[PDB]
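A short worksheet on the structure shown next.
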Amino acid sequence: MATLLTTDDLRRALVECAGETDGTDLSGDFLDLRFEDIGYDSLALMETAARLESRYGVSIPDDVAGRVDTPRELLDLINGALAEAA
């Protein structure tokens, strides 16, 4: 019953920005350089993390999130704030 955030969740948020595509070739893992692939420096995932921060009910991380290079870090970021919150 205790389910705050999962890997599959962060993935859905990363695709929401894309739009539509039934491609992707993940035959292992996708949390190594997901942000450093198309060009997700910060501005791209900035607005996305903003609206998602409200619907999720998480704080407003502009430092770590603003300069988030790792993908798995993003999940542990919002999910982390939710942990202490609960």
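Residues in the structure tokens are numbered from 1 in each chain, the chains being A, B, ... in the order shown, and ligands are numbered from 1 in the order shown.
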Write out as number ranges by chain all residues of stretch 26-79 of chain A that backbone DSSP assigns to helix (DSSP H, G or I). A: 43-56, 71-79
With C-alpha atoms retained, could you export that selection as a JSON list (two decimals), in the first residue's frame?
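Saved file selection.json follows:
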```json
[["chain", "number", "residue", "atom", "x", "y", "z"],
["A", 43, "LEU", "CA", 15.22, 24.26, -19.05],
["A", 44, "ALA", "CA", 13.55, 21.40, -20.92],
["A", 45, "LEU", "CA", 12.76, 19.47, -17.74],
["A", 46, "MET", "CA", 12.26, 22.71, -15.79],
["A", 47, "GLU", "CA", 8.64, 23.44, -16.68],
["A", 48, "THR", "CA", 7.85, 19.72, -16.61],
["A", 49, "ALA", "CA", 9.17, 19.39, -13.06],
["A", 50, "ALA", "CA", 7.22, 22.52, -12.09],
["A", 51, "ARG", "CA", 3.71, 21.33, -12.95],
["A", 52, "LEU", "CA", 4.63, 17.84, -11.78],
["A", 53, "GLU", "CA", 5.78, 19.29, -8.45],
["A", 54, "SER", "CA", 2.27, 20.59, -7.78],
["A", 55, "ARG", "CA", 0.26, 17.55, -8.88],
["A", 56, "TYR", "CA", 2.65, 15.40, -6.85],
["A", 71, "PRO", "CA", 17.76, 10.28, -14.14],
["A", 72, "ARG", "CA", 17.50, 7.98, -11.12],
["A", 73, "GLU", "CA", 18.39, 11.01, -9.00],
["A", 74, "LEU", "CA", 15.21, 12.78, -10.10],
["A", 75, "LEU", "CA", 13.07, 9.91, -8.84],
["A", 76, "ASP", "CA", 14.87, 9.76, -5.50],
["A", 77, "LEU", "CA", 14.52, 13.57, -5.37],
["A", 78, "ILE", "CA", 10.75, 14.09, -5.48],
["A", 79, "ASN", "CA", 10.16, 10.70, -3.88]]
```
Within 12 Å of residue A:29, counting only C-alpha atoms, which residues show up once you throw out same-chain ones fewer than 4 positions away? Write them as JSON, numbers by chain, please. {"A": [7, 8, 11, 24, 25, 33, 34, 71, 72]}
Identify, on the basis of only C-alpha atoms, every residue whose closest approach to residue A:86 does not exceed 12 Å; exclude the query and any residue fewer than 3 positions from it along the same chain; express the result as a PyMOL selection string. chain A and resi 2-4+57-58+79-83
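For the atom pair formed by atom CA of residue A:67 and atom CA of residue A:21, the distance is 26.4 Å, given to one decimal.
One distance worth recording is that between atom CA of residue A:19 and atom CA of residue A:6, which is 20.9 Å.
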